[PDB]
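# Results of the structural survey
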Amino acid sequence: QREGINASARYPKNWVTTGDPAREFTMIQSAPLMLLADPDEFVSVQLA
Amino acid sequence: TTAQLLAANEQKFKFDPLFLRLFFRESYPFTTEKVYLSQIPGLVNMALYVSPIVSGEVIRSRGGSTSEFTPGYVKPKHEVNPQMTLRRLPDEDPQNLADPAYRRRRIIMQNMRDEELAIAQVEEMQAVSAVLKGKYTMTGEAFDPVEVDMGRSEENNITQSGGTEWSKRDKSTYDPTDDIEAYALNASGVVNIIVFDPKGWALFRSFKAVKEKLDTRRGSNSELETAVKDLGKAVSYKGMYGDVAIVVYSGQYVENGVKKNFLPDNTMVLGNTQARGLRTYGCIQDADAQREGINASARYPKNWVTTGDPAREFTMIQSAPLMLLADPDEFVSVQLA
Amino acid sequence: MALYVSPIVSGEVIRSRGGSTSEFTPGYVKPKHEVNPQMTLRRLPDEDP
Amino acid sequence: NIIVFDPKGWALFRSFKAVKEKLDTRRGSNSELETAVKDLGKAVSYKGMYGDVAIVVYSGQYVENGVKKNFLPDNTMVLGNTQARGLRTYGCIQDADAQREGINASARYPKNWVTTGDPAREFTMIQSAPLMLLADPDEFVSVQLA
Amino acid sequence: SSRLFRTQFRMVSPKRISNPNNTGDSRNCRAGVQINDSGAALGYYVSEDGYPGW
Amino acid sequence: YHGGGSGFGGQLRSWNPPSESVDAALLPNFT
Amino acid sequence: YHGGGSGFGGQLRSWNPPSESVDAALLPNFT
């Protein structure tokens, strides 16, 4: 919200802890969910 | 009961980096885990007589030596919190006066000053302990012990013993010059400067021969300052003595509350004013510092806010210094008991 | 003097230093002289007859 | 930079042979003195250099009840800086007429008035608030010699 | 410099002119400006541009 | 000069802006 | 300069806009 991102793809950020031993991290996060509008246009058989 | 603050002095101790300035120049920052110093013997066996028939005894080609060192780390820090801000400061008038915000920008300023002064003291002691003796050991409560040991021959660091003590022998009809020559015979290369210690200078000056070397019409060209010359400064570039330059150094550093002297109680340090000195600064190890792209520097400052209940804006400086002596046999240290 | 600290360990928060304050107050002094005409009637010591 | 002497103290200082010898060396010093008779009636008399210090012999007088009393005790010697921080404060002036003619917080406010009466007399008065300070009380060393 | 004219001018802010070492005003040195026996000036005391507090 | 003093009736006794250069008064808050 | 500080009486204590280029200020909310 501070940089104006609401429900986008793969929001990254790169931040630093403030302390005498400091360690930067690196993180990207997303909220995936894949759907098939018509669930039945397919036929996945098991062969033998 | 109104008031006014006419004068507000500040106290200081005698501090000037003479030893660092004279002998340690040409700072070389490095980005490396460890540095190398290499010495080569350069001793040549005399060409022994050989009959024109035997034709033998090939000579080994000379090979040198190296060393590796690791720079230490030092990090002082201070603080400021809203509690100190409100009351007052001892350096503002009861009149005039300022908002609480400005007192913080003054406290941070004096904190910066103290940090830089502490780092400078560390560098100076770092240098002085390297000039006087071949080695020093950097130790601390949380710093694992690492030492630096330049290869100085044992025949240097000469100290007086049960015989030939200046204090015990008579102050009239004796020469210090012969002892100075015998001591300085060891150093590799010419000697051009002598760095006394006030007690040592007082002992040296009182000799009857040393006065005589000064007031002779045709037996010398030396000139000194026997009377009182410098009383408040930490250095005293006195006159030359034949060829060498005489210097008296009285500089003070503080460890705990008390004040201590750099030069330990009347030592004498023969040396060359152009001695090859190395001022090596390591790599600063701080995540933000490497974010900025800064490495192999000195005095990296920063501040931050701790988001705790009382807040606090800390202040920190990091150095990682290490002073080297390329050749450790161009100095001769004498105790002068 | 800044004692050595490892890169990992955090240094102690070194205490800041504060000053001392003194107070003072002044005091007066005033001389007073008086002249009346009976002094002016006669002749001063350094006046020609 | 400076050393202040009472003539007895200066006499005791220069009487030694060593100080006399410090002036005969042609290269052993840089000190110029006036160890002879320099001033005989004046109060202050600078007497040259000595290394870097500058010896001055001070013999003044002040009278408190009468007689004549000299400012320094008999044998004293002051080591002090010639640029030492010293500030001269003058306090406010507590007279009604001073406000009327627009003078306050100054030194040596003079006034002159005549009492209204059948015998009338005229008075003369000067008043101040003299206070003397030092910013650093520890810069001067005061000894007593013998 | 190797140009035709070597003269240059620098603008100094009035805040910089101050007594050395922040001492008080003496008779011959008022507010960082030297004054001779008459009222005319003789020389000026200039501080150094200090942006950092230290 | 009343401008540099306490003020009319002490109204300005808390307005004491620091005497700092333009740089030290601009750069810390530039961004 | 009071522009980069708290303000008159603390009225600008919460006005801390992010310093970002036009690309990062327009694109995420373009549509």
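This section reports on the structure supplied with the text. (Residues numbered from 1 in each chain as written, not as in the entry; some residues may be left out. Chains lettered and ligands numbered in written order. Part of a larger assembly, values for the part shown. Heavy atoms only, no water.)

## Some remarks on the overall build of chain A
Keep this limit in mind: Here a strand is any run of E in DSSP of at least two residues, a helix any run of H or I of at least four, and the numbering for each starts at the N terminus. Exposed residues in this analysis have more than 50% of their type's maximum accessible area, buried residues have under 20%, and partly exposed residues fall in between, with area computed by a 1.4 Å probe over protein chains only. In these tables, accessible area is a Shrake-Rupley quantity obtained with a 1.4 Å probe, and a residue counts as shielded only by the protein chains included in the view. Positive: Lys, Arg. Negative: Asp, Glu. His and the chain ends are not part of the count. By convention, the point assigned to a charge is CZ for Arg, NZ for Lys, CD for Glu and CG for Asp.
A count of helices and strands for chain A gives zero helices and two strands. When the 48 residues of chain A are sorted by exposure, 6% land in the buried category. Only carbon and sulfur atoms are counted for the fraction: they give 57% of the accessible area of chain A, which is about 4,800 Å². In chain A, 4 side chains carry a positive charge and 6 a negative one; their mean positions are 15 Å apart.

## A short note on the overall build of chain F
Of the regular secondary structure elements, chain F holds one helix and zero strands. Its C-alpha atoms give chain F principal-axis dimensions of roughly 40 × 15 × 10 Å. Relative to its 31 residues, chain F shows a buried fraction of 13%. When the accessible area of chain F is evaluated, it comes to approximately 2,700 Å², of which 59% is carbon and sulfur surface.

## A look at the environment of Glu212 of chain B
With respect to the element layout, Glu212 of chain B can be found in helix α6 (residues 208-212). In sequence terms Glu212 of chain B and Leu270 of chain B are 58 residues apart; their C-alpha atoms lie 22 Å from each other.

## Focus: helix α4 (residues 177-184) of chain B
All names here are of chain B. Which entries qualify depends on this criterion: This arc is built from the directions going out from the helix axis to the C-beta atoms. By definition in these notes, contact holds between two residues if any of their heavy atoms fall within 4.5 Å.
Along α4, the positions that sit buried rather than exposed are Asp179, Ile180, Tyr183 and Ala184. Viewed end-on, α4 has its buried residues packed into an arc of 125°, placing them on one side of the element. Those residues of α4 that are buried are in contact with β11 (268-271) and β16 (332-334).

## Comments concerning the pairing of strand β3 (residues 41-44) of chain E
Residue and element names in this part refer to chain E. Rule in force here: Each pair of strands is called paired provided DSSP finds at least two bridges between the two strands.
Sheet analysis places strand β2 (residues 33-35) next to β3, joined by two bridges and oriented antiparallel. Each residue of the ladder has a partner; that of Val33, found in β3, is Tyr44. Between β2 and β3, which pair antiparallel in sequence order, lie five residues.

## Considerations on the pattern of salt bridges
Note the cut-off: Salt bridges are counted wherever a side-chain nitrogen of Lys or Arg sits within 4 Å of a carboxyl oxygen of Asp or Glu.
Per the stated rule, a full pass over the model turns up 17 salt bridges over all chains. The salt bridge partner of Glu20 of chain F is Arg105 of chain B, with a shortest N-O separation of 3.8 Å. Here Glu20 of chain F, found in the segment before α1 (22-26), pairs with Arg105 of chain B, found in helix α3 (residues 100-132), and the two come from separate chains. The exposure class assigned to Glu20 of chain F is buried, which follows from its relative accessible area of 15%.

## Notes on the side chain of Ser333 of chain B
Looking at the secondary structure, you find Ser333 of chain B in strand β16. Beyond its immediate stretch of four places on either side in the chain, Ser333 of chain B contacts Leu132, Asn157, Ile158 and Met268 of chain B.

## Remarks on the arrangement of the chains
By number of contacts, the leading pair among the 10 pairs of chains in contact is chains B and C. Where chain D comes nearest to chain E, the C-alpha atoms are still 8 Å apart, and the two do not contact one another. Separated without contact, chain C and chain F have their nearest C-alpha atoms at a distance of 21 Å.

## Brief notes about the sheet that holds strand β1 (residues 29-30) of chain E
All names here are of chain E. Pairing is antiparallel across the open sheet formed by three strands, whose spatial order is β1-β2-β3. Across the chains shown, the open sheet's two edge strands, defined by having one partner strand only, are β1 and β3. Two strands pair when backbone bridges link them, and β1 and β2 are joined in this way by two bridges, in the antiparallel orientation. Bridging from a neighbouring strand, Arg30 pairs with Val33 of β2.

## Points about the packing of aromatic side chains
We describe a pair of aromatic rings using the distance from one ring centre to the other and the angle between the two ring planes. The condition that has to hold: Two aromatic rings from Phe, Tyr or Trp, using only the six-membered ring of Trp, form a pair when their centres are within 6.5 Å; if the ring planes differ by under 30 degrees the pair is stacked, by over 60 it is edge-to-face, and anything between is tilted. We call a charge positioned over a ring when the NZ of a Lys or the CZ of an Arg lies within 6 Å of the ring centre and within 35 degrees of the ring normal.
In this structure the tally under the stated criterion is 22 aromatic pairs over all chains. Ring plane angle 10° and centroid distance 5.1 Å describe the contact between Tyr253 of chain B and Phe262 of chain B, whose orientation is recorded as stacked. Pair check on accessibility: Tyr253 of chain B and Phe262 of chain B agree, each one buried. Taken together, a centroid distance of 5.9 Å and an interplanar angle of 80° make the contact between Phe13 of chain D and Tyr50 of chain D edge-to-face. With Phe13 of chain D in helix α1 (residues 7-14) and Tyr50 of chain D in strand β2 (residues 44-50), the pair connects residues that are 37 residues apart, well separated along the chain. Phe13 of chain D sits in the partly exposed class, given a relative accessible area of 21%. Taken together, the ring pairs in this structure connect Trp166, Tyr174, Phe196, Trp201, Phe204, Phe207 and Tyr241 of chain B into an aromatic cluster. Sitting above the plane of the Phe123 of chain D ring, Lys32 of chain C keeps its charged end 5.5 Å from the centroid. Its guanidinium or amino end placed over the ring of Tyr62 of chain D, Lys69 of chain D lies 5.5 Å from that ring's centre, counting from NZ or CZ.

## Quick notes on the interface of chain C and chain B
For clarity, the threshold we go by: Accessible surface is computed with a 1.4 Å probe, and the buried area is the amount of it that two parts give up when combined, taken over both parts together. Side-chain atoms alone can form a polar contact between residues adjacent in sequence; in general such a contact is a pair of N or O atoms within 3.5 Å, and within protein one must be able to donate a hydrogen while the other accepts it. Residue polarity follows a fixed list, in which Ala, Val, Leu, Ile, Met, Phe, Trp, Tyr, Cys and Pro are nonpolar, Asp, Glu, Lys and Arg are charged, and the others, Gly among them, are polar.
On the side of chain B, 28 residues touch chain C, which itself brings 17 residues to the contact. Approximately 2,200 Å² of surface area, both sides summed, lies buried where chain C meets chain B, with 60% of it carried by carbon and sulfur atoms. Of all residues in chain C, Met1, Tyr4 and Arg17 of chain C bury the most surface against chain B, accounting for 39% of the area lost on that side. For the interface between chain C and chain B, the tally reads one salt bridge. Residues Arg17 of chain C and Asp114 of chain B are paired through a salt bridge, measuring 2.7 Å at the closest nitrogen-oxygen approach. Counting the contacts that link chain C with chain B gives 10 residue pairs in polar contact. Looking at the side of chain C that touches chain B, its residues break down into nine nonpolar, six polar and two charged.

## Overview of the nonpolar core
Residues and elements named next belong to chain B. Test applied: Buried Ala, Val, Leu, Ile, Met, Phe, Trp, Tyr and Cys residues that are joined via side-chain atoms within 4.5 Å together make up what is termed a nonpolar core.
Membership of the largest hydrophobic core comes to 45 residues, with the highest contact counts inside it found for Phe19, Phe23, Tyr249 and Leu324. Contributions of two or more residues to this core are made by α1 (18-23), β1 (35-39), α3, β4 (135-138), β6 (193-196), β8 (244-249), β12 (277-281) and β15 (321-325). When residues in this core are grouped by element, the largest group, eight residues, is from α3. In this structure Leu324 touches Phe24, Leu37, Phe69, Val148, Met150, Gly277, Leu278 and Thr280, once residues within four positions along its chain are discounted. One finds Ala187, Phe196, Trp201 and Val334 within the second-largest nonpolar core, a separate group that totals 25 residues.

## Remarks on the sheet that holds strand β1 (residues 32-35) of chain C
Just so we agree on the cut-off: Fitting a line to C-alpha atoms yields each axis, with helices limited to the stretch in contact; the angle taken between N-to-C directions then spans 0 to 180 degrees.
Strand order in this open sheet of three strands is β1(C)-β9(D)-β8(D), and the pairing throughout is antiparallel. Every other strand in the sheet has two partners, leaving β1 of chain C together with β8 (109-114) of chain D as the edge strands with one partner each. With direction set aside, neighbouring strand axes in the sheet form an average angle of 15°. Relative to strand β9 (residues 122-127) of chain D, β8 of chain D is paired through six bridges, and the arrangement is antiparallel.

## Focus on the environment of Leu203 of chain B
If you trace the backbone, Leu203 of chain B turns up in helix α5 (residues 198-205). Taking C-alpha positions, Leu203 of chain B is 9.8 Å from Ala337 of chain B, a pair spaced 134 residues apart along the chain.

## Topic: unusual backbone geometry
Backbone phi values are negative for most residues with the exception of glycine, while trans is the configuration of most peptide bonds. The residue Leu47 of chain A is not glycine, and still its phi comes out positive at about 60°. Residue placement: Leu47 of chain A occurs in the segment after β2 (27-29). A positive phi angle, close to 60°, is found at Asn96 of chain B, a residue other than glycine. Within the element layout of this structure, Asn96 of chain B appears in the loop between α2 (82-86) and α3.

No statement about biological role is implied by the geometric values presented.
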